[PDB]
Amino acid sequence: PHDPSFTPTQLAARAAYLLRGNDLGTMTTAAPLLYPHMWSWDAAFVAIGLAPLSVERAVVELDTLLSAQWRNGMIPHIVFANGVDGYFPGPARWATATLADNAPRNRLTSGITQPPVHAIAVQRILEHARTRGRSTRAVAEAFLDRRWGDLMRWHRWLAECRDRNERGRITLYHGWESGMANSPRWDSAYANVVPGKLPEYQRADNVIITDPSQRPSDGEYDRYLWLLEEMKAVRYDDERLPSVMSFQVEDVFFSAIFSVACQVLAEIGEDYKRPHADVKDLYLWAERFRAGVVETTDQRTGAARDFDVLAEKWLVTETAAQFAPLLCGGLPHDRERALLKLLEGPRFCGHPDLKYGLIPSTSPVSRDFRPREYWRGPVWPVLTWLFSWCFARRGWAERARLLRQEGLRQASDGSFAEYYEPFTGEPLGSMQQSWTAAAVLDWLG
């Protein structure tokens, strides 16, 4: 008609309807068909969206994810649903069940990790539970009793095994670990990934998303799948990966999230009387990774750089990852003002052709910008939510509110799209994406 948008109550209802519709029982799929399994950072955001509906079911979501945690503490980025096909690479291609000595016996998983937003979900669950009364607080507190150790082991694995040199930045062995598969951030590192004898495969993602402008290329998937062959050759052994992987990058955005997550989990630990040594370690890691993020930044603009460990070079790109230091703090005053000017100016939120005042995944003025192509340009509601929540935590109440307002406007069509075209607002990627519904649910209050 004249207005296809939904009212706040309609939109909240449809978002909860979606989330319950993607529930398999104890895990929520990231999307109905494109991503028909549990993903790690999606599961954190799903728990955030479930917290206003059922603290009990939000806790179940994190319990299911943690039940897939590897023996060394790694949370793998996919927990596969039993008997479900339709996603590639699936369990047979990872072969972690037969090759990975640390993989769980009772879940099929991938063999790589994803960003540690999980502590933020725990905070939102606790915040909801404290408004709901004693029986609900008891549910959330029982979850802390049951899973505090597992959360510690997750943060410790990141701090000790992916920051072996105590640089305060997380090393990745796959671009998929960044959450941003085809981000321009990784192009120069991927250009040095030379596949050898790569076993034949058929993609499934572009059978579901048929528009070729919206997904990575075959050449990019060849490199993604070649890194799997390198990992499988060493049976996913942490100790051997630095010797064999053709892709080794320090991810400054993942690092900033980790800093925030450690500080959040330390505050939880203080409030719920968790072991002093754990809280002390969490604060130490929060500070170490805050400093590691700051060390990457341009001394003029504050923009954070990734680092190619193999090439030994800073990776200078124009993506939303540059704003990593805004999430965790630590910049000198003048540098942070410069970085905020970059965020709000014509290269990002201030670009005159954007439909919404939101943060594109790649700067529209970058040569790498592609308005439809996944992480090369589109606006991702999950990043809107993460930036808005971290900005509110910095004390930037109006900046956070504006992102939430624009994210709700963008989402008001009810498509709950994976990402959106930055100029037209066209929904792109999968529809019915669980963390887009969760973002709306958290925002609407």
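Start at 1 and count along the sequence shown; that's the residue number.
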Segment of higher mean CA temperature factor, 194 to 202 or 319 to 327: 194 to 202
Mean B factor on CA atoms, stretches 232 to 240 and 300 to 308, record says higher is 232 to 240
Could you tell me which one of 342, 122, 189, 257 shows the highest CA temperature factor in the PDB record? 189
Top residue by Cα temperature factor, when 207, 291, 75, 129 are compared in the entry: 207
Split the chain's modelled residues into thirds by Cα B-factor; residue 398 lands in the lowest
Ranked against its chain, the third holding the CA B-factor of residue 180: middle
CA B-factor ranking of residue 413, expressed as a third of its chain: highest
Going by the CA temperature factor in the PDB record, which third of the chain does residue 114 belong to: lowest, middle or highest? lowest
Using the B-factors in the PDB entry, rank residue 212's C-alpha atom against the chain and give the third, lowest, middle or highest. highest
